[PDB]
Each structure stands twice: as structure tokens, then as C-alpha cells.
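Following: one structure in C-alpha cells, then a few remarks.
Quick reminder, even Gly has a Cβ in these numbers, built from the backbone with ideal geometry, and neighbours come from all protein chains shown. Numbers and lists here come from the model and the stated rules, or from a named source; none is laboratory data.
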Amino acid sequence: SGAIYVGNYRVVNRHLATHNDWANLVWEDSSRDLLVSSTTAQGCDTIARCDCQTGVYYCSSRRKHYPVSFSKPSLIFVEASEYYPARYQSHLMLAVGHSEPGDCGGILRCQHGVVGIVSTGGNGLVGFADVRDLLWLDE
Ligand SMILES: COc1c(C#N)cccc1CC(=O)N1CCC[C@H](C(N)=O)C1
Ligand SMILES: [Zn+2]
């Protein structure tokens, strides 16, 4: 679990969105596993605007942060799950690191701010949905 709070927006994994998220929907994309909803309280996370390939992510299954090198956002095949059929997920970045299903929502940050959130994993890999291209999160 986990979310990003920036201005009047809440960014979460689309497969973990709640009834309130869907009732206050701003935008969602199944191909990215992202959903953004509106909030009444003000958010203070800084979204990174960069091409960093190194950062730190929070891993709930270990109660620890880990430093990682990660790939550029791209289309990566993702095996079928209870939430989606087998498909290419876009804007996804991989890194060698530990992750378990409950780790989705953990934030990945670089020196510039929030880069994305955990969205996939397994086999000693962790995948992050990128948010750095969503320029509207800040305006
Ligand atoms: C495969 O299970 C893991 C593991 C592992 N091992 C480690 C981390 C996460 C998962 C779960 C995961 O990747 N899923 C299920 C929920 C939706 C995801 C998606 N974006 O399509 C795919
Ligand atoms: Zn950066």
C-alpha cells in the first residue's frame, strides 16, 4: 500500500484504488496501473522532473529503504493477475531489488523528489510506475 499527495491530487496504484478514489476520479490508465483522485486537504510531495536512473525506494516487506539503479520508463510484459490479464504495462522502470505484492505503493525518490511508485515485482526485480511525465500534477 501507499500513495503520493501533491496539491489537490492523490496518486495510487489503479489496482488498489478505493470507492472514494473512483468517486473523485481525475484520471486513470490501466496500461500504467495508475489512478489519480482529488483531495480536500493539500499535498506537499515534490514530483521529480528529470531522467535520473538512481534513487531510493521504500520496501514495506522489509520495513527498509533500499538504494537502486533503474531502467528508463518503457513497455514491459506483465504476467496475468487477479486485477489484469497478461499485457504490456507502459511507463514502467525495473530495478534489481526485493519486492512482494503488498509492497505496491512504496515511493521511489531521487534527489529531485518523487519518481514513481512500486507497481510490479518478483524474481529479485522490482518495477515502478513512473509519474515524472505527468506535468499537470503541479499546475
Ligand atoms: C508477482 O507478484 C509480485 C511480486 C513477486 N514475486 C512482487 C511485487 C509485486 C507483485 C504483484 C504484481 O507484480 N502484480 C499483481 C498486482 C498488479 C501488478 C500489475 N502492475 O499488473 C502485477
Ligand atoms: Zn532525479
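Can you tell me which residue among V26, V56, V96 is of a type outside the set (D, E, K, R), away from ligand 2 (no atom under 16 Å from the Cβ) and over 17 Å from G122 (Cα atoms)?
Checking each option against the conditions leaves just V26.
Any residue that is out of contact with any helix residue (DSSP H, G or I) (no Cβ under 8 Å at 6 or more places or on another chain), exposed (fewer than 15 other Cβ atoms within 10 Å of the Cβ) and not polar (S, T, N, Q) - is there at least one of those in the stretch 113-121?
Of all residues in the stretch 113-121, those out of contact with any helix residue (DSSP H, G or I) (no Cβ under 8 Å at 6 or more places or on another chain) come to 113-117, 119-120.
Still in the running and exposed (fewer than 15 other Cβ atoms within 10 Å of the Cβ): none.
No, the conditions are met nowhere in the stretch 113-121.
Sort out which residues of the stretch 4-20 are surrounded by fewer than 20 Cβ atoms within 10 Å (Cβ to Cβ) and either touching a residue at least 12 places away in the same chain (Cβ under 8 Å) or part of a strand (DSSP E or B) (or both), and write them in order of number.
Our first condition is that a residue be surrounded by fewer than 20 Cβ atoms within 10 Å (Cβ to Cβ); within the stretch 4-20, this holds for 5, 7-8, 15-20.
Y5, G7, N8, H15, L16, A17, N20 - these are the residues of the stretch 4-20 that are surrounded by fewer than 20 Cβ atoms within 10 Å (Cβ to Cβ) and either touching a residue at least 12 places away in the same chain (Cβ under 8 Å) or part of a strand (DSSP E or B) (or both).
I'd like the full set of residues that are in a strand (DSSP E or B) and over 11 Å from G127 (Cα atoms), limited to the stretch 78-89.
Those that are in a strand (DSSP E or B) and over 11 Å from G127 (Cα atoms): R87, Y88.
So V115 ticks every box in (1) within 26 Å of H19 (Cα to Cα); (2) touching a residue at least 60 places away in the same chain (Cβ under 8 Å); (3) assigned to a strand (DSSP E or B); (4) within 10 Å of ligand 1 (Cβ to nearest atom) but one. Which box is left unticked?
(4)
Can you go through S1, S37, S74, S61 and tell me which one is away from ligand 2 (no atom under 16 Å from the Cβ) and surrounded by 14 or more Cβ atoms within 10 Å (Cβ to Cβ)?
Only one candidate qualifies: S37.
Of all residues being surrounded by 14 or more Cβ atoms within 10 Å (Cβ to Cβ), of a type in the set (A, V, I, L, M, F, W, C) and under 14 Å from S69 (Cβ atoms) in the stretch 91-112, which is farthest from ligand 1 (Cβ to nearest atom)? Just the residue, please.
It comes out as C110.
Can you find a residue in the stretch 91-111 that is within 28 Å of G7 (Cα to Cα), basic (K, R), in a strand (DSSP E or B) and out of contact with any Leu (no Cβ under 7 Å at 6 or more places or on another chain)?
Yes: the stretch 91-111 contains one or more residues that are within 28 Å of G7 (Cα to Cα), basic (K, R), in a strand (DSSP E or B) and out of contact with any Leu (no Cβ under 7 Å at 6 or more places or on another chain).
Quick test of your reading of the structure: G55 fulfils all but one of (1) within 15 Å of ligand 1 (Cβ to nearest atom); (2) in the same structural domain as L134 (by CATH); (3) among the small types (G, A, S). Name the failing condition by number.
Going through (1) within 15 Å of ligand 1 (Cβ to nearest atom); (2) in the same structural domain as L134 (by CATH); (3) among the small types (G, A, S) one by one, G55 breaks only (1).
Search the stretch 122-131 for residues being over 8 Å from the mean Cα position of the chain (by Cα) and surrounded by 22 or more Cβ atoms within 10 Å (Cβ to Cβ), and hand back the single one that is nearest to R62 (Cα to Cα).
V126
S81 - would you say it is surrounded by fewer than 20 Cβ atoms within 10 Å (Cβ to Cβ), more than 12 Å from ligand 1 (Cβ to nearest atom), outside the structural domain of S31 (by CATH) and over 13 Å from the mean Cα position of the chain (by Cα)?
No.
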